[PDB]
Undergrad: 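Before anything else, here's the structure in question.
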Amino acid sequence: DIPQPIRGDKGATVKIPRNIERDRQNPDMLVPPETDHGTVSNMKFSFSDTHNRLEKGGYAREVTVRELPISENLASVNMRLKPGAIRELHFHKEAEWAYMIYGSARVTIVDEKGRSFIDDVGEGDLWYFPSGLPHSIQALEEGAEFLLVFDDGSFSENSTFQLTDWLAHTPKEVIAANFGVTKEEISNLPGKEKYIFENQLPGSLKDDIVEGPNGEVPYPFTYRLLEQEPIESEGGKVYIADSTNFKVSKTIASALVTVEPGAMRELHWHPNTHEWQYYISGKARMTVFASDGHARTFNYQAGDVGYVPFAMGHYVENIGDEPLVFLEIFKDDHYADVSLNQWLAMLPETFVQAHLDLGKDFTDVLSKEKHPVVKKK
Amino acid sequence: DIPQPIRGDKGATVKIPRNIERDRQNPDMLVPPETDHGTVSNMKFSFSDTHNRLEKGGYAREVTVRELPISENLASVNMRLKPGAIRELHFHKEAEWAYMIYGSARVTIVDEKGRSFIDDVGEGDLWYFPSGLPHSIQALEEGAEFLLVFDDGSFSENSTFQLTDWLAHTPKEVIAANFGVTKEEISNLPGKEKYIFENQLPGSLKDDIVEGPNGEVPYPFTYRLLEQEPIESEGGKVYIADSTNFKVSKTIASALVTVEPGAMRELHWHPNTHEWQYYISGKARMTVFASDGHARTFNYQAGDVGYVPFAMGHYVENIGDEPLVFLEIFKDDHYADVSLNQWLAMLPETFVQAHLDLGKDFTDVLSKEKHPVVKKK
Amino acid sequence: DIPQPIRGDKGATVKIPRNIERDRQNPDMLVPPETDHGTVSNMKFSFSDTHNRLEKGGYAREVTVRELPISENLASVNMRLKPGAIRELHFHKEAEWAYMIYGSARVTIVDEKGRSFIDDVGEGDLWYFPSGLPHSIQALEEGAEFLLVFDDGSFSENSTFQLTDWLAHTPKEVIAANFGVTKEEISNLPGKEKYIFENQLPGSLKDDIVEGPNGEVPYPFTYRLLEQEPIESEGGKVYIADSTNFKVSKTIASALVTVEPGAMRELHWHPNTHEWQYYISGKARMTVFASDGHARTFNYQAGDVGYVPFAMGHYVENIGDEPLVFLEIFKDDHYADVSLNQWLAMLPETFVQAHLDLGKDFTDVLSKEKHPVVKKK
Amino acid sequence: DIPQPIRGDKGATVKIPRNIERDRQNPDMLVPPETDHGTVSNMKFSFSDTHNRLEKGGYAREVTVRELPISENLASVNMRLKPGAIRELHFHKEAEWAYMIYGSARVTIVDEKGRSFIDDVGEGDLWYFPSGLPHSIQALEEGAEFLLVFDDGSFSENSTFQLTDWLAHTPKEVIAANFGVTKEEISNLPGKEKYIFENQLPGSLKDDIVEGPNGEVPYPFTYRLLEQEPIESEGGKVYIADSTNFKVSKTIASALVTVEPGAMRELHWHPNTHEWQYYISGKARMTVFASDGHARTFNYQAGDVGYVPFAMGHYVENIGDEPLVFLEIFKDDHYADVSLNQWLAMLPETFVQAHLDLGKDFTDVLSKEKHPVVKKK
Amino acid sequence: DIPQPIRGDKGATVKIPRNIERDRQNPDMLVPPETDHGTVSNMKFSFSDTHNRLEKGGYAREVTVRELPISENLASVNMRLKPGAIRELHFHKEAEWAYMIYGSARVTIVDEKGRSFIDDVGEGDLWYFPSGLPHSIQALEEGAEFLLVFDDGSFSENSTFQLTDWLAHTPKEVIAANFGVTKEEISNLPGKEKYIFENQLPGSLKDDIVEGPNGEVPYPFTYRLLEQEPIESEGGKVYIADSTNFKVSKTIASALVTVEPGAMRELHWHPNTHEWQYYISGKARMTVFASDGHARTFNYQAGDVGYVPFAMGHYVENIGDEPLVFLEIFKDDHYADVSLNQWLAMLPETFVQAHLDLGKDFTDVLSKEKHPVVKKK
Ligand SMILES: [Mn+2]
Ligand SMILES: [Mn+2]
Ligand SMILES: [Mn+2]
Ligand SMILES: [Mn+2]
Ligand SMILES: [Mn+2]
Ligand SMILES: [Mn+2]
Ligand SMILES: [Mn+2]
Ligand SMILES: [Mn+2]
Ligand SMILES: [Mn+2]
Ligand SMILES: [Mn+2]
């Protein structure tokens, strides 16, 4: 029907023209919990509310600090490639982390010692490209759609250093001298960037591997996240990839969280840095507790970016009928959380009772084992 | 049906879970014009995507620089009051401008010479409260819903100076000494703010007027915008209120624009300052031209805030079947625009022809008269 | 005796080594009102806690943004001159306002049209020197001690442009060419600044007046504040000097407030800008109400600087046996305040009653006339 | 010969590879006056050290805050147009001031009321375009070369809003609707900016004047600076144009200074704001006195930009055999200076003598009349 | 008697109302050394000049960047707890370092792997809590008073994340789901923070230790500083705790310095970072040498905070009859100093003589061994 911002004897009907569809998506913002209080920055933004760059071969859209100003340290691109299409050879100042949501793709990277890494990535796999190292993406026969995260919030995918753009803005006589060729031999170079372009599907990965005099890279730039054993608890699963297991991923730590219907990512905080979120599928709500009696609740669904500033308390509750699947992203060399339950469970029971004005019936339910996703009883 | 980010041979279908409802609201963002280019800051935000503060008597929600970071100089509150309900006597550093969308309300203000102004405001009326002067709002028998604009983007309606909050945080012995009463006589003062509270409807305006030894205020703090004669053109109407006619409104200039179906606010820019927008009803698109070959198109509908940074070129096209009604707001002492049509019409025809590579058939259609809203032929 | 931070059943004795003398000066900070709450910036600093620059002829010490960081827009110097001593001819970017606390002095200024103003200033008189105009101070037979206020908080009196410093760092051949003299004729110029130096007392003011071809300055740079009629109320007096009466004083508005024992500067705020304070004599306390349930109380006595950020609510209570005398300083072209009493007195009584949960016995005591200083009954 | 950084018994020969040509241009920087002292920001930059944008029809190069970081508030473009060539119709946020050094040009401007101003400007003439008003430049039969000054140091001439760029990034269907034409009628619009382009010479000015329903502009946007009577003194001339005589020029004040060989712009400072300089012809040196015993000397010649921060003491000495001609530019509504000579001349002689440790033989030479340019005797 | 700002033939008596008690505390500021010079930021602030938050169970007051703006990286709280009273379970972004001045207390901490550390701390002991890890303090039978230092100058103790505040602003249904309990079972949860609250004394430490499945923490969070062997020299003792011995203390390095009457902390500087100081007992003066001929002397006594910006030269002299005891605090992973004496002692004697214009009689007294506290002879 028609939701209204009314909670008991508080609030009133909306009397002006309104966005009913967005109101239906945001039930806990039109009607917040009575426990919310105070001014809190916006922690929510939809990729559907961004300009989509369309090219022959795919598209790209981004959520940056210009869209979500609380997220100064992290930005993200949703990129889509048709079968065989190429994201042009390029580099940038920022490190790049990726999660393959749909399909598969071949990536290349060459490091500062001239060593080559070429690999195929499928659904649930990651890559991480350190700052400044040059790379490319080419979708395979299913096409590909993936999430990129960059470790500077001011990033824009329109501002990468692309191979053909660099050459188009270098004097032809300098290019000729650089490679030992004539200007006539390079006369057919593109006059502008390609960025994303259609291409025939590549051959088998084994036939693309390039050998060289500098040997193999010491650590791989891809990771099979969903092939790892997750942390399993009553209501879902958590798969963690940070620099302790995905060795090259020095500036991005990540977790993929799945939350069954009727379950929730438990009350917790992160003692190391801010959390950046992407909602892959499902529907959620989250209250961010900001200290000094401040708290604000946000709604999220597929396509949304979320955020939790450093050490703010939070939970992520599935409020729908399907599994809730989201990413937790951190600009750090490791994942870390503190569980509210485990914290209190590891303290003397009478000390917790003195804080909460509750009795042994409550402290008896605390668990010294951390369960990141719990199920409603 | 199901829209897709495809434009001719560019783009592709979405393969990941997505927000179809938001995509349907943003057709020119999922599929932008081919004439868009480059990185442009976000210029669009919905009140439906904000936390609504619910109280006994109404609600308030806000769009600030924490939601829309391009808008550093202006912020806005959507406030609703039930019949008789009071927005508590308060003040703040920012000047406040208001447009009454629904219903009616009584306002009070007292200036720094102790002069009182009390007045009723109905649909289409404005008020403007200069910085720091204390005021209140009380809805009449229909209730009220209105848009507030404050001339600092960092404002928050949770941070005003309220009468009862001030008194609750002043020593009782100081309050007693201030007014010449005993502490017992003030023992029933509230212990916390009221902010918005239910109240019986007031009596007639004439019975509320307070006379005093300092006389009448020199200029009124309310304005009947829709009682003025608008600028009428083929496709709509523009009603302007700035410091040249609404004399007290020194830091906010405003225009209410109505655009018939099949019409558009013409191509123009503002030579004085940034534009802040509120979409009262209807559906629009706008391309913002940002210089250096950069342009980005945005979709808007009822409940949305928009923005155009200082001097960027723009138009506002009605893309729906109902009238499009929106506000243009400026932090300045006057409204000013330059019309692309009128500009070229006031130049030698051969000079315009040399720029545009078009002939007399085009310069013949230019108009030396400014028509802010034009109708498609 | 020995004060302790105990208020009823709250607080405890101090168990570590402590500053009992400062604790005795700050009773409302060691034991704040129970109505204080929350984090508020420091609003209090003593000239006695600053380095005093001693010279032959006097001294100078300063309180700047480096001492009191809330005061970004205003800084102050306490300067003392012995009889006849000269503060060297100099200029600076900042405008300068002054209050003569003790003694008397002769000032000079020359404007950008070459017009000269020379005048004597006594106790209770002011001067104001616009930005960049060059000036000097010479104490008369009693010596002089005065307060200077500069309209930039980053000012330092060690960084003025002094006549002899400029000449000492200009090539001698350029000085010679500038004035049409030989290098030998200027060989005795000082090699360094003088800043403050001893000198014989000057003659009568009438004998110093310099006539010139450009005529008299249009407005005087001195003002006899204490010769004006003050605003008198039950508990004290207020003398205001701003650009409406002290015409040249365009960027500094000022009030000298005297508060009898048992009286208080009433509850009020300023709707235009921040307040900077200097306590000339006596003892006070002030609570600053900072919005959102925040308030903090400060103690002041002779030699202290205070501050009230833009629009924060405040009062200034005399807590001693002698008159309390202080300055209110504003970076603006006029003085403005709103009185809490007068505000409520100019509203319908039942409307005030609905806010305060008090009856006609309270609204009957409100006054439509502003009384800046009230006396306890 | 070969200059060396040696001054008496100080300094030494240069032993590393060096730039002898630049050293010869900077004698007072390789060998500064012994009266210089301390760290002072760079105040000097050459247009010859900038990238020149070459187009069919002319060129443009710029000195901005990215070249000269002390100049945050002002930037400049040196622009050249061949006979008949057009600087494309455009606008920008910044106000624009211009001095015609060589040749002549026709300018157009249309204001926010649709009023047209078209005029020819010759050598020694100025124009001023207020913020955001659209304009164009077309050189006449001699071509034109001129200096532009913009009142924001972050300006870049590559970032203006150009007519054809705006249209190229606007949907064709929107352009068509805006003017009431078909998409086919506008199919020949340029696909990119023109910026500067060759064109046939225009006809007589009288034949270009466009009449309109909104009447004439109230104040002209051009000024004949060199037709005014200058301030004449022994060694040169000063022509001032600010908002008191060039009425539209509200944010830029200017003076053209000519200094004969053997003469100097006298010791002075500006009490209102920073000075920006352009050296049209000749050779100079200037010492900037920065307070606290700091001073640094700079050399300038044709093509150089200079700067003097707010209120710093300075002189400008001709150190060559030809006249020295330069511009003094200020971001303010008026020109103002204080003369060191006139300042001291308007004070009691014994008071000046007590400061300088000089006698009546020196104070006798002071002049109560201001002479901005003095001649060596 | 009555001190005056007179030094030989410089300075003068104070003629205006003044703070004699503060002047007596600041003899080297009312009458600085003649070797002081120039503008230097304030380096001194008293806890007695701060608002004291009083609660049932104790108090807390703070010195932050809002009080002492030079200290951007470090802030401090003086906290007092009555016997048995609890500082509520909480966490914050900042790391926390502590020195127990009086009494004793029990601390708890749980890390991000769920491991528990509980320990008692007495006079002269330290703790260090890494960023974001949750902790509590409970005073034992003597009560406790201690100094906290946080590694961000913008910290405020009013802004921690407290257990009961978080729960009070979390929906009850979410808390219930998180722990697997009913809303009725948690109905008695507090509605607001406790912060500090009275409580019965705890039992023996051994009975509070909580065992768990994740084992012991790898490094302890407490340190017995005064049980270590100090660096002993002629006039006092230095006890150092940094990350090389107090292993967890990664962002705070510390030294406790005791200076006998007639002794001084020698002339030295720190090559790694800024110094933050707390004066536990006694009376001192310190000159800070700031480069470029700038130096300023400050007085300190019990309860004062001091500061020395990165690498500035300094000494700390005992100017009283009792021992001087103070803390040196650094935001770094190690303590480092350079001794002026040891520096010169480790250079060729004739090279030092050429610098100082002194002979072998001076270089003969230099010591190659570092003596941090020397005694006057
Ligand atoms: Mn990339
Ligand atoms: Mn999390
Ligand atoms: Mn308001
Ligand atoms: Mn507009
Ligand atoms: Mn001065
Ligand atoms: Mn006040
Ligand atoms: Mn221009
Ligand atoms: Mn000048
Ligand atoms: Mn803590
Ligand atoms: Mn030290």
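Order of the sequence lines fixes the chain letters, A, B, ..., with proteins taken first and strands second; residue numbering starts at 1 for each chain. Because only heavy atoms are used, hydrogens play no part in the values below, and waters and symmetry mates are left out as well, while side chains stay in. Order of appearance sets the numbers: ligands from 1, and atoms from 1 within every ligand.
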Undergrad: Which word best sums up how the rings of C/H135 and C/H90 line up, parallel for under 30°, tilted for 30 to 60°, or perpendicular for over 60°?
TA: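 Plane angle over 60°, so perpendicular.
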Undergrad: Counting N and O atoms only, with roles assigned by atom type, does the side chain of E/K283 sit under 3.5 Å from a partner on the main chain of E/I319, one being a donor and the other an acceptor?
TA: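 It does not hold such a pair.
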Undergrad: Of all N, O or S atoms in E/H270, which has the smallest distance to the Mn ion (ligand 10)?
TA: NE2
Undergrad: So which N/O/S atom does E/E275 have closest to the Mn ion (ligand 10)?
TA: OE1
Undergrad: Under a plain distance cut-off of 3.5 Å, with no hydrogens placed, do C/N78 and C/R61 share a side-chain donor-acceptor pair?
TA: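 Result is yes, a qualifying pair exists.
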Undergrad: Which angle, to 10 degrees, forms at the Mn ion (ligand 3) with NE2 of B/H92 on one side and NE2 of B/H135 on the other?
TA: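 Between NE2 of B/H92 and NE2 of B/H135, at the Mn ion (ligand 3), the angle is about 90°.
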Undergrad: Could you identify the N, O or S atom of E/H268 positioned closest to the Mn ion (ligand 10)?
TA: NE2
Undergrad: Determine which of the N, O or S atoms in C/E96 is closest to the Mn ion (ligand 5) and give its atom name.
TA: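 Among the N, O or S atoms of C/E96, the one closest to the Mn ion (ligand 5) is OE1.
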Undergrad: Here's a test for you: under salt bridge (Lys or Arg N to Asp or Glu O under 4.0 Å), which of E/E317, E/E275, E/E328 qualifies with E/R265?
TA: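 That would be E/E328.
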Undergrad: B/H90: which N/O/S atom is nearest the Mn ion (ligand 3)?
TA: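 So the atom name we want here is NE2.
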Undergrad: Taking atom types as modelled, is there a side-chain donor on B/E62 or B/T50 under 3.5 Å from an acceptor on the other?
TA: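 No, no side-chain donor-acceptor contact under 3.5 Å.
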